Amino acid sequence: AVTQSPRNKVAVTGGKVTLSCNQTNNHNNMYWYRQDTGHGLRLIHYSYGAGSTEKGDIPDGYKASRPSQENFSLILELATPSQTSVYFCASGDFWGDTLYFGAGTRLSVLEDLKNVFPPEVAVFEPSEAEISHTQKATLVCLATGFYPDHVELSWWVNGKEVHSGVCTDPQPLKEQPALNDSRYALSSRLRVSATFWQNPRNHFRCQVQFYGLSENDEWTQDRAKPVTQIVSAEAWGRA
């Protein structure tokens, strides 16, 4: 299969970022796409075998490197804010009818690391009116004030992760859509039965994975450095 590294990355204007792709399909062709709204998927560089790389349609700003049949590496030597995006790697056989993509790499290039904030999470308990009126009960999680939009939400019910009854926003919204450095918010919903919520032994937990700075990055402010972290809010079943 095709895997990428890193999965998420924060970087400042003017540094050297290196996305990298590994493939174990014994394919020969490897591609480096980026995905931005209003533009679909766009090809940057690609390659036919080790030693060779070809200029895609948007080769400005990126170099590529295919040292091995299995590796293929996008390289940004002077990152810009215009290079923030979601990058996907691909591979395929010679003359193949199929492209095989990776899971993705979210990349933020920031003019300054001062706007990098973690999320503030909260759980909101179901209404009594919804309970008595539906014999159903809906908890609502809000994550707010984070930057950038690299977060993944999950609902946990009694020590395990839960999927049934969840719907999560597909993309974060912008708290202040006017600014360019606006922070974001995600919302999610967990719907359980009313008899299940009215059991004060059951606990419900909203967990938010935030991706930010790294152990090797440096922080020039007093507020705690927005590392990659887990942020939770909790709620217990009521009467």
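Residue positions are given as counts along the sequence shown, with the first one as 1.
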On average, which has the higher Cα B-factor in the deposited entry, 221 to 229 or 9 to 17?
-> 221 to 229
Between 125 to 133 and 111 to 119, which has the larger average Cα B-factor in the PDB entry?
-> 111 to 119
Scanning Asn28, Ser52, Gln35, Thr195 for peak Cα temperature factor in the entry gives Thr195
By the entry's C-alpha temperature factors, tell me which of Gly96, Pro148, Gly165, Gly104 sits highest.
-> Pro148
B-factor third for the C-alpha atom of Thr84 within its chain = highest
Modelled-residue ranking by C-alpha temperature factor, third containing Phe210 = middle
Looking at the C-alpha B-factor of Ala239, is it in the lowest, middle or highest third of its chain?
-> highest
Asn158 - Cα temperature factor, lowest/middle/highest third of chain = highest
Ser65: CA B-factor among chain residues, third -> middle
